[PDB]
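Reproduced below: work12.txt, with compact mmCIF, C-alpha atoms.
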```txt
# COMPACT_ATOMS: atom_id res chain seq x y z
CA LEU A 1 72.50 98.90 44.22
CA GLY A 2 70.34 102.02 44.47
CA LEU A 3 72.47 103.49 47.27
CA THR A 4 73.21 106.76 45.44
CA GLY A 5 70.72 109.51 44.68
CA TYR A 6 69.08 112.59 46.11
CA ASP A 7 68.47 110.98 49.51
CA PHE A 8 71.96 109.49 50.03
CA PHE A 9 74.96 111.62 51.01
CA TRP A 10 78.36 109.98 50.52
CA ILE A 11 80.99 111.67 52.70
CA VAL A 12 84.61 110.76 52.02
CA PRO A 13 88.03 111.87 53.27
CA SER A 14 90.78 113.49 51.21
CA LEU A 15 92.06 110.01 50.29
CA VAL A 16 89.55 109.41 47.48
CA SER A 17 89.14 113.04 46.34
CA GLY A 18 92.84 113.70 45.87
CA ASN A 19 93.95 115.47 42.69
CA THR A 20 90.66 117.32 42.29
CA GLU A 21 91.54 117.91 38.62
CA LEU A 22 90.86 114.21 37.93
CA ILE A 23 87.23 113.21 38.54
CA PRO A 24 86.09 109.68 37.63
CA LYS A 25 82.74 109.32 35.90
CA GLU A 26 81.62 107.00 38.73
CA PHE A 27 81.72 109.72 41.39
CA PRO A 28 78.16 110.88 42.15
CA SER A 29 77.50 114.59 42.24
CA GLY A 30 77.15 115.86 45.77
CA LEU A 31 80.03 113.66 46.95
CA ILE A 32 81.01 115.56 50.09
CA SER A 33 84.73 115.43 50.83
CA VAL A 34 87.26 117.21 53.03
CA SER A 35 90.71 118.23 51.85
CA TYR A 36 93.55 120.67 52.38
CA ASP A 37 92.76 123.90 50.54
CA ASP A 38 94.75 124.46 47.35
CA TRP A 39 92.57 127.35 46.13
CA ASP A 40 92.79 130.17 48.69
CA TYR A 41 95.95 129.10 50.57
CA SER A 42 98.46 130.22 47.97
CA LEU A 43 101.96 128.80 47.58
CA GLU A 44 103.55 132.15 48.45
CA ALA A 45 101.57 132.19 51.70
CA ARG A 46 102.65 128.58 52.26
CA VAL A 47 106.33 129.48 51.91
CA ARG A 48 105.90 132.54 54.13
CA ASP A 49 104.23 130.40 56.80
CA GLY B 1 49.23 90.88 53.99
CA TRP B 2 50.90 89.76 50.74
CA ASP B 3 53.54 92.49 50.60
CA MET B 4 54.58 91.83 47.01
CA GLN B 5 57.70 93.98 46.94
CA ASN B 6 58.40 94.04 43.21
CA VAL B 7 57.87 92.26 39.90
CA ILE B 8 60.98 91.62 37.79
CA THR B 9 60.86 90.51 34.14
CA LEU B 10 64.29 89.53 32.80
CA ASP B 11 63.75 90.10 29.08
CA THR B 12 67.19 88.85 28.00
CA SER B 13 70.93 89.11 28.67
CA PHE B 14 70.76 87.90 32.26
CA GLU B 15 74.49 88.35 32.85
CA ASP B 16 75.19 91.18 30.39
CA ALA B 17 73.29 94.20 31.74
CA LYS B 18 69.92 95.70 32.71
CA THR B 19 69.18 92.55 34.73
CA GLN B 20 71.71 92.88 37.55
CA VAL B 21 70.18 96.25 38.46
CA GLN B 22 66.72 94.70 38.79
CA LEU B 23 67.93 91.58 40.62
CA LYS B 24 70.00 93.60 43.10
CA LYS B 25 66.95 95.31 44.65
CA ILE B 26 65.50 92.02 45.92
CA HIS B 27 65.92 91.80 49.69
CA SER B 28 65.48 88.86 52.07
CA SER B 29 62.12 87.41 51.04
CA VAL B 30 60.43 84.68 48.99
CA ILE B 31 61.22 84.85 45.27
CA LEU B 32 58.58 83.28 43.03
CA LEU B 33 60.46 82.37 39.84
CA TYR B 34 58.75 81.59 36.52
CA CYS B 35 60.97 80.49 33.62
CA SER B 36 62.22 77.30 31.97
CA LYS B 37 64.60 74.81 33.55
CA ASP B 38 67.50 75.60 31.22
CA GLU B 39 66.83 79.27 32.02
CA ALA B 40 66.16 78.82 35.74
CA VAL B 41 69.69 77.41 35.87
CA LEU B 42 71.12 80.71 34.62
CA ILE B 43 68.82 82.81 36.80
CA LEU B 44 69.72 80.88 39.95
CA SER B 45 73.44 81.00 39.11
CA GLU B 46 73.20 84.78 38.76
CA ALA B 47 71.19 84.99 41.99
CA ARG B 48 73.89 83.06 43.84
CA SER B 49 76.48 85.38 42.30
```
Turn this file's structure into structure tokens for me.
Amino acid sequence: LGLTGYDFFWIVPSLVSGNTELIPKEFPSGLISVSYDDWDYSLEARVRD
Amino acid sequence: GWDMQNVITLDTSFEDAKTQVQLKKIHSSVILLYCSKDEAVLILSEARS
């Protein structure tokens, strides 16, 4: 429909961007999303907390 | 004024591909259609869809 491009910013919750290792080919680049951090917040720190 | 928004030429494969993208950018306006009757049937069915 021409709703995706440089001038359109699709912002989505963690619901659609879950399992960041699996990215569908229909997700436009620049798809802003918010999610719980699994990179810097390590599991050892999680257990300690 | 004559704000002719766009000119669309459906070469072939009205329902297959490459025609839905063109037909989806037509907004609320007057659509001058030039084709044959047996082909206007298909074009208008796709437009309703």
Suppose you want the space between atom CA of residue 29 of chain A and atom CA of residue 5 of chain A; what is it in Å?
8.8 Å
Do you know which residues are at most 8 Å from segment 15-24 of chain A counting only C-alpha atoms, after dropping those on the same chain fewer than 2 positions away, and could you put them as a VMD selection string?
chain A and resid 12 to 13 26 to 27 33 35
Near chain B, which residues of chain A fall within 12 Å when you count all atoms listed in the file, and what do they look like as a ChimeraX atom specification?
/A:1-3
What separation in Å, quoted to one decimal, exists between atom CA of residue 4 of chain A and atom CA of residue 34 of chain A?
19.1 Å
d(atom CA of residue 29 of chain B, atom CA of residue 10 of chain B) in Å:
18.5 Å
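Using all atoms listed in the file, the shortest contact distance between residue 4 of chain B and any of B:35, B:47, B:40, B:30 is found at B:30.
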Best match for closeness to residue 42 of chain B among B:7, B:14, B:1, B:28, counting only C-alpha atoms:
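With only C-alpha atoms as the atom set, the closest residue is B:14.
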Just add N, CA and C atoms to segment 37-48 of chain B and send it as an mmCIF file, in the frame of the given file.
```
data_model
loop_
_atom_site.group_PDB
_atom_site.id
_atom_site.type_symbol
_atom_site.label_atom_id
_atom_site.label_comp_id
_atom_site.auth_asym_id
_atom_site.auth_seq_id
_atom_site.Cartn_x
_atom_site.Cartn_y
_atom_site.Cartn_z
ATOM 1 N N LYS B 37 63.544 75.441 32.769
ATOM 2 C CA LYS B 37 64.600 74.810 33.550
ATOM 3 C C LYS B 37 65.980 75.254 33.075
ATOM 4 N N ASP B 38 66.216 75.189 31.763
ATOM 5 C CA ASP B 38 67.500 75.600 31.220
ATOM 6 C C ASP B 38 67.762 77.083 31.437
ATOM 7 N N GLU B 39 66.718 77.854 31.726
ATOM 8 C CA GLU B 39 66.830 79.270 32.020
ATOM 9 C C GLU B 39 66.799 79.561 33.515
ATOM 10 N N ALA B 40 66.078 78.741 34.284
ATOM 11 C CA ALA B 40 66.160 78.820 35.740
ATOM 12 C C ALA B 40 67.566 78.517 36.225
ATOM 13 N N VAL B 41 68.299 77.662 35.509
ATOM 14 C CA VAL B 41 69.690 77.410 35.870
ATOM 15 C C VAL B 41 70.494 78.702 35.839
ATOM 16 N N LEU B 42 70.389 79.449 34.737
ATOM 17 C CA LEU B 42 71.120 80.710 34.620
ATOM 18 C C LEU B 42 70.650 81.723 35.647
ATOM 19 N N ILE B 43 69.335 81.821 35.853
ATOM 20 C CA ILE B 43 68.820 82.810 36.800
ATOM 21 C C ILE B 43 69.301 82.503 38.209
ATOM 22 N N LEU B 44 69.281 81.231 38.609
ATOM 23 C CA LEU B 44 69.720 80.880 39.950
ATOM 24 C C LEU B 44 71.233 81.019 40.104
ATOM 25 N N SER B 45 72.001 80.748 39.045
ATOM 26 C CA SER B 45 73.440 81.000 39.110
ATOM 27 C C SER B 45 73.722 82.483 39.311
ATOM 28 N N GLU B 46 73.019 83.345 38.572
ATOM 29 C CA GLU B 46 73.200 84.780 38.760
ATOM 30 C C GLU B 46 72.757 85.216 40.147
ATOM 31 N N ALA B 47 71.666 84.638 40.652
ATOM 32 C CA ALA B 47 71.190 84.990 41.990
ATOM 33 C C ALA B 47 72.205 84.606 43.052
ATOM 34 N N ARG B 48 72.823 83.431 42.918
ATOM 35 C CA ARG B 48 73.890 83.060 43.840
ATOM 36 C C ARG B 48 75.067 84.018 43.721
#
```
